[PDB]
There are 2 protein chains.
Amino acid sequence: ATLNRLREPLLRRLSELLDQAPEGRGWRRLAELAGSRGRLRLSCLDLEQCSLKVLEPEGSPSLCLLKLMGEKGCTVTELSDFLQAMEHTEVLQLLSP
Amino acid sequence: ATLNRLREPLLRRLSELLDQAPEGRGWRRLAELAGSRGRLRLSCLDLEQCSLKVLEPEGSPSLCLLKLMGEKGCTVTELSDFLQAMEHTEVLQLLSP
């Protein structure tokens, strides 16, 4: 099933963890990677709408992003693939001149 | 000279006109084109900072964008090249299936 259809506690938890992740592997980098590596396409405007969530008392840009990716077809295993690609590309970029 | 060093009345006027342009040839499309066609690179975060300008009483996202492009080296003639490329690509996309 797609991320936006995940049980709502689990999706909450995913979004909290991604919200706490460092800049190099945060929701913006996740959007960057999913918007270039798959047929899933995000514009700057979508990212903006998610970014504004932080203005709500306990708002989550990662919750917005994950739901949007799910609506665009992303599944849990696809998200996991994306996150480990994030890890690999981060360390490869650190080691690159 | 660069856009951010233009006389400040002229830069005002450029930004007002771009702010009034339609969606197909607006400041977001200008950023899109300049961020892919030249070595000038804008992130979604820069565009976000410009987008937030509209929250100021008479604020201008195009003013922010044009200054940022100038700081990154864009000249007046380069901006004109970008704007006419905007026109051409818009009409080519309308005529494309």
Side-chain angles (χ1 to χ4, degrees), chain A residues 19 23-24 26-36 40-57 59-65 67-69 71-72, chain B residues 1-96:
Chain A
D19 272 349
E23 215 66 7
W27 69 270
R28 283 183 180 286
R29 179 97 254 281
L30 171 58
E32 208 101 62
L33 201 38
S36 83
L40 181 146
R41 294 313 184 194
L42 292 349
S43 75
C44 276
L45 208 51
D46 317 332
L47 298 208
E48 230 179 88
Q49 307 315 127
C50 290
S51 173
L52 290 180
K53 284 303 181 293
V54 78
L55 293 161
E56 307 170 5
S60 171
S62 293
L63 185 51
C64 168
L65 171 63
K67 265 128 101 152
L68 189 49
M69 295 169 64
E71 285 164 355
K72 300 187 174 247
Chain B
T2 56
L3 301 176
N4 62 320
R5 290 299 281 100
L6 285 180
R7 239 197 142 175
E8 167 278 298
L10 168 59
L11 179 74
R12 276 175 244 151
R13 188 57 187 160
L14 301 190
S15 62
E16 281 162 26
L17 288 179
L18 186 56
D19 272 349
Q20 289 152 0
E23 215 66 7
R25 327 179 284 268
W27 69 270
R28 283 183 180 286
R29 179 97 254 281
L30 171 58
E32 208 101 62
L33 201 38
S36 83
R37 173 175 199 250
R39 316 306 271 274
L40 181 146
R41 294 313 184 194
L42 292 349
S43 75
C44 276
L45 208 51
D46 317 332
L47 298 208
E48 230 179 88
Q49 307 315 127
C50 290
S51 173
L52 290 180
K53 284 303 181 293
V54 78
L55 293 161
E56 307 170 5
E58 267 206 336
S60 171
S62 293
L63 185 51
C64 168
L65 171 63
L66 292 183
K67 265 128 101 152
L68 189 49
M69 295 169 64
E71 285 164 355
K72 300 187 174 247
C74 190
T75 73
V76 176
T77 61
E78 295 182 348
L79 172 60
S80 289
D81 286 22
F82 280 137
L83 296 170
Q84 73 166 223
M86 222 161 320
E87 307 198 341
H88 295 349
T89 62
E90 190 189 28
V91 69
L92 281 158
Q93 281 300 306
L94 285 166
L95 283 163
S96 299

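Letters A, B, ... are given to chains in the order of the sequence lines, protein chains preceding strands, and every chain is numbered from 1. Just so it is clear, the values below take in all heavy atoms, side chains as well, and ignore hydrogens, waters and symmetry mates.
The distance from atom CG of A/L65 to atom NZ of A/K67, rounded to the nearest 0.5 Å, is 11.5 Å. Note that the CG atom of B/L14 and the CG atom of B/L79 stand 6.5 Å from one another [nearest 0.5 Å]. Here the CD-SG distance, from A/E48 to A/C64, works out to 11.5 Å after rounding to the nearest 0.5 Å. A distance of 13.5 Å separates CZ in B/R25 from CD in B/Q84, rounded to the nearest 0.5 Å. Rounding to the nearest 0.5 angstrom, the gap separating the OG1 atom in B/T75 from the CG atom in B/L6 is 9.0 Å. Atom CD of B/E78 is separated from atom NZ of B/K72 by 13.5 Å, given to the nearest 0.5 angstrom.
Residue B/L40 comes nearest to B/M69 through the heavy atom pair CD1-O, 3.7 Å, listed as atom of the first residue, atom of the second, then distance. Residues B/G24 and B/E90 share a closest heavy-atom pair of CA-OE2, 3.5 Å. Of all the heavy atoms in B/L18 and B/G26, the pair that sits closest is CD1-C, 3.9 Å. Considering all non-hydrogen atoms of both residues, B/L92 and B/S96 come closest at O-OG, 2.5 Å. A/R29 and A/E23 make their closest contact through CB-O, 4.3 Å (heavy atoms, listed as atom of the first residue, atom of the second, distance). Taking every heavy atom of both residues into account, A/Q49 and A/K53 meet most closely at O-NZ, 3.4 Å.
For the pairing with A/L47, the side-chain contact (heavy atoms from CB on, under 4.5 Å) check across A/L52, A/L42, A/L68 returns one residue only, A/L42.
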task = List the steps and the verdict of side chain to side chain contact (heavy atoms under 4.5 Å, CB included) for B/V54 and B/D19.
result = CA-CA 10 Å; B/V54 78; B/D19 272 349; over 6 Å; no
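The 12-atom threshold is exceeded at CD of A/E56, counting heavy atoms of other residues, nucleotides or ligands nearer than 6.0 Å. Heavy-atom contacts from other residues, nucleotides or ligands closer than 6.0 Å to CZ of B/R5 number 12 or fewer.
Among residues two or more places apart in sequence or in another chain, the disulfide bond (SG atoms under 2.5 Å apart) test is passed with B/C74 by none.
Looking at A/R28 and A/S51, their side chains do bring a donor and an acceptor atom within 3.5 Å of each other.
A side-chain donor-acceptor contact under 3.5 Å links B/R41 to the backbone of B/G38.
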